[PDB]
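Note that the protein sequences, when read in sequence, are chains A and B.
All the letters of the first sequence, read from the start, carry residue numbers 244 to 279, 384 to 388 under full-length UniProt numbering.
Quick note: to get full-length UniProt numbering, add 388 to the position in the second sequence (first position is 1).
In what follows, a single structure is set out as structure tokens and then discussed.
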Amino acid sequence: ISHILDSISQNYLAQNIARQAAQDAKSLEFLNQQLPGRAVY
Amino acid sequence: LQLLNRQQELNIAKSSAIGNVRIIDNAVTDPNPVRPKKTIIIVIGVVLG
């Protein structure tokens, strides 16, 4: 049960620190998909 | 060039578009029916009788 509760806490931590970066992660994903005047590049 | 940069930023913002709504749990069905509640129906039958 202590192993399970540690796993729960770590999963919760990773979920929180992934939701925080979610918006920037998807922005970066679309920017990578969007890389092809040169000043804009 | 300033408008080009603004247009690119708006492209990124439009495509990302992550909303203030999050689907945490997708739908899964509880395999045990919520109706009829067999035990309470049989108990009510007993007590009503």
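Heads up, the beta-carbon is just placed ideally off N, CA and C, and yes, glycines get one too.
Self-check item: Where residue 267(A) falls: helix, strand or coil (DSSP)
Solution: helix
Self-check item: C-alpha gap between residue 411(B) and residue 253(A), whole angstroms
Solution: 20 Å
Quiz item: CA-CA distance, residue 429(B) and residue 418(B)?
Solution: 20 Å
Quiz prompt | Any chain B beta carbon closer than 8 Å to residue 274(A) | solution = yes
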